[PDB]
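Working notes, structure below.
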Amino acid sequence: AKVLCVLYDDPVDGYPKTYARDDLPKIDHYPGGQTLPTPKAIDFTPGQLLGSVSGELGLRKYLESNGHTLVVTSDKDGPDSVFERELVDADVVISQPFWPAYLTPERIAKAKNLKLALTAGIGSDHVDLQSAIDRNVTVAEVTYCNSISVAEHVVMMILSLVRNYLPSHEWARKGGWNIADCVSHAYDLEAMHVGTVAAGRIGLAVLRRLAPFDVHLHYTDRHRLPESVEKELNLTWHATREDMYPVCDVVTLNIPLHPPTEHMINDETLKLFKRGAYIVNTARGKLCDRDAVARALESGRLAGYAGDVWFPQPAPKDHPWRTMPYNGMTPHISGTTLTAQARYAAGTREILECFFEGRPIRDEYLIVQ
Amino acid sequence: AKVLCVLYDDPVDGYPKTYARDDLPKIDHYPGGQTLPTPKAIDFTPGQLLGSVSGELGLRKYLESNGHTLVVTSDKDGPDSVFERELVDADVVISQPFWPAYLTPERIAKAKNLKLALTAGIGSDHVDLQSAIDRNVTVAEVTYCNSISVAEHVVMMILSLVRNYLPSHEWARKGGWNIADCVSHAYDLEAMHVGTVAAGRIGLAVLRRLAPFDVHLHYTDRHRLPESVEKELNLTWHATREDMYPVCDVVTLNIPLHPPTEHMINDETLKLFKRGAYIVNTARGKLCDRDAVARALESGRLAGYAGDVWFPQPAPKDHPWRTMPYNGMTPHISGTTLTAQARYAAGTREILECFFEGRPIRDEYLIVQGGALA
């Protein structure tokens, strides 16, 4: 079989030769009991850079020793890309949401041999699901592989925005001291009201991490959490997002993007936020009207905005979120720490082993089959 | 009476005329039950910049309307400085640990009228306690006023070092994307081993905040915490610092500075650390040998270092911790957020009211009174 694997570029200084640490913490399961991936074997050392082109998700030696071909590329966009040319006879397509190889209906139509569309990561927004089903393409993901990674990123950003960490660090880096300049925009997080717009795997993990900071926790969702969880975390539930915003000092968005949520944060709804509110958004960039957020930070409606998701993605060099006041942006990276990469590289191998050996892929990995 | 109050400078663009928010969250007590300050009144709006010279800790109207004198200055060092000149007849001296007016034995000797040395903040590191005892000077602090503020700072820095936040943010700020450059030094915190070198008010608050990140918690201290605390946080106890280091992915220092802890982190003890360990230090800069930390980050013995305390302080412009690899430094600010300032400005007034009215100052505020009776 032919495996076509799209990954992002190596570091500018080249694929790393050394790493900061020698191993990764051992984890038995995810919250709720799902076990971590169980491939028969791995050809990588957990902690290596696996999601760049030279990392190959540690797949080459398993595939080639079993008679398969592996084509790795970062050239994924447009009809002229390496991905599009190799797609026509690829049996398996693999990519990460952090550098996604889109499986449009047009591409699925030309992918005459396509049997498996594998997300090395979470989700399937880059895959046209009905076209995949109609063509008997299996679509699978490494469920839960980086939900905790994103939640850590969220809480880190909440703390950094509220305490004015990033300008403070710049004063130190540039040789200043400037105590009053650091803290004239700096507060404690303690006893603030924090709300999450969804409470799935990420949102729940965020709520649990926020609780011992003694904040007042709010959330909105379609499904209320179990009453025992609301009670142990002292949660206030809101039926609508609009009912939650006016009471929150901090709002974190952990909800999927669809037309009814596209630009749900705009000039009109920002009017509902407390003056000086903070927003953290690691879900999707298009949840926020780009220029409305920037306008809210210029006026002081918001006291900070941070996240790792942008529209468009990758963000152009001139994207205004890069330089607007009191931003805590990073590039799209939260779920591709070396820790998360080890999990979803192992999960990718587990799925491939099942697929090639004719054994069932985990139910929780399957999206459509 | 004459009150001499040393504060840090206003922002370079001037004292702020607006603030990012309109009020502060309400908090009833500190962990363990100590109530927040209870002055009879305050002449400031909580959230204002109170620890700079123009903020005056909100004290001027209260002191002057009661016949007192108030001198506020940031000019605190040297024989011609405002502080040294006004010290000779001051009844009360107030300063913050973030810009401390040192009360050495020599200065206390020259302060002919000194009756009260008030820390607008926590501690008394800048005050010679024996001189205060010998001269019957009361020494007081606004206990607990920013212990939580520092703990937040610590966990924020732990997350930022582990996940490589600060270089990642700059790739974004500078117009890049560079996913692999961001994450080739980036990990999750989950299930790492984190140890604190003391577990007092700050260290315990750090442990509680770290627990739901599903890390493995370690600590050492002079005495063990109550078993009920160890169990609820699943703590591993270590009798010595040296026994704790080799097992920790992250070590946070929350211990006071004394001769036995000076340079406790050095080229020799760093050999005990896991390769790629992270250190966060909001206690005092001289706990860590300056160049040993820088050497450990160049070699990879440490994968990151962050904190807000430096040696010396203020850090000179060329201080190597400012630019060494994988640092998360800030200036000395963790316990002077606007939130903490409201608490210790209120606490400062409460103590002053008691002192001038001849009412007892809270036992928990007292460091010295006649003798070292906290």
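Below, chain A is the first sequence line, B the second, and so on; all start at residue 1.
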Would you find more than 12 non-hydrogen atoms of other residues, nucleotides or ligands less than 6.0 Å from A:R359 atom CZ?
-> yes
Decide if atom CD of A:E227 counts as having more than 12 heavy atoms of other residues, nucleotides or ligands within a radius under 6.0 Å.
-> no
Residue list, ring-ring contact (aromatic ring centres under 6.0 Å, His included) with B:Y187, at least two apart or on another chain = none
Please report the shortest heavy-atom distance between [X] and [Y], naming the atom on each side.
X	Y	answer
A:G328	B:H169	C-ND1, 3.7 Å
A:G51	A:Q341	N-OE1, 2.9 Å
A:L189	A:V215	O-CG1, 3.4 Å
A:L253	A:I265	CD1-CG1, 3.9 Å
B:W171	A:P331	CB-CG, 4.2 Å
A:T196	A:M244	O-CE, 3.5 Å

In terms of side-chain heavy atoms, does [X] have a donor or acceptor partner in [Y] at a distance below 3.5 Å?
X	Y	answer
A:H238	A:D243	yes
B:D188	A:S149	yes
A:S52	A:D10	yes
A:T336	A:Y8	yes
A:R241	A:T261	no
A:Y62	A:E353	no
A:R362	A:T38	yes

Return yes if some donor-acceptor pair links the side-chain N/O of [X] with the main-chain N/O of [Y] below 3.5 Å, else return no.
X	Y	result
A:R21	B:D249	no
A:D221	A:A198	no
A:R322	A:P316	yes
A:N281	A:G307	no
A:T143	A:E364	yes
B:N164	B:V183	no
A:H319	B:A172	no
A:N146	A:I122	no

Any side-chain heavy atom of [X] within less than 4.5 Å of one from [Y]?
X	Y	answer
A:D308	A:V150	no
A:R284	A:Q313	no
B:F213	B:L159	yes
B:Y165	A:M157	yes
A:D89	A:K112	no
B:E190	A:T339	no
A:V229	A:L204	yes
A:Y219	A:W237	yes

With sequence neighbours left out, what residues match A:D291 under salt bridge (charged side-chain N to carboxylate O under 4.0 Å, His left out)?
-> none
Steps toward side-chain contact (heavy atoms from CB on, under 4.5 Å) verdict (B:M156, A:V162) | CA-CA 10 Å; B:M156 174 189 74; A:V162 167; over 6 Å; no
Atom pair [atom1] ([X]) and [atom2] ([Y]), whose distance is rounded to the nearest 0.5 Å:
X	Y	atom1	atom2	result
A:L57	A:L49	CG	CG	10.0 Å
A:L210	A:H216	CG	NE2	13.0 Å
A:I42	A:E350	CD1	CD	12.5 Å
A:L4	A:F83	CG	CZ	5.0 Å
A:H263	A:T269	NE2	OG1	10.5 Å
A:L24	A:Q48	CG	CD	10.0 Å

Decide side-chain contact (heavy atoms from CB on, under 4.5 Å) for A:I279 and A:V293; before the verdict, give the C-alpha distance in whole Å, the side-chain angles of both, and the deciding distance to 0.1 Å.
-> CA-CA 9 Å; A:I279 295 177; A:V293 166; 5.7 Å; no
Determine, step by step, whether A:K2 and A:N113 satisfy the side-chain contact (heavy atoms from CB on, under 4.5 Å) criterion, reporting the C-alpha distance in whole Å, the side-chain angles of both residues, the deciding distance to 0.1 Å, and the verdict.
-> CA-CA 9 Å; A:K2 176 178 182 175; A:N113 291 333; over 6 Å; no
Among A:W310, A:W321, A:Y326, ring pair (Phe, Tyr, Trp, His ring centres under 6.0 Å) partner for A:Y305 | A:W321
Passing option when A:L116 is tested against A:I94, A:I351, A:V3 for side chain to side chain contact (heavy atoms under 4.5 Å, CB included) | A:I351
Going by the angle between their ring planes, with limits at 30° and 60°, are A:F273 and A:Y245 parallel, tilted or perpendicular?
-> parallel
Aromatic rings A:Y144 and A:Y30: how do their planes relate, parallel, tilted or perpendicular, breaks at 30° and 60°?
-> parallel
Check the pair A:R343 / A:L36 against side-chain contact (heavy atoms from CB on, under 4.5 Å), numbers first and verdict last.
-> CA-CA 7 Å; A:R343 288 198 288 269; A:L36 263 63; 3.8 Å; yes
Sidechain N-carboxylate O distance under 4.0 Å for [X], [Y]:
X	Y	result
B:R173	B:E170	yes
A:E84	A:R107	yes
A:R349	A:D43	yes
A:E232	A:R208	yes

Output every pair passing side chain to side chain donor-acceptor pair (under 3.5 Å) with a member in residues 66-80 of chain A, not counting sequence neighbours, ordered by first then second residue.
-> A:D9-A:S74
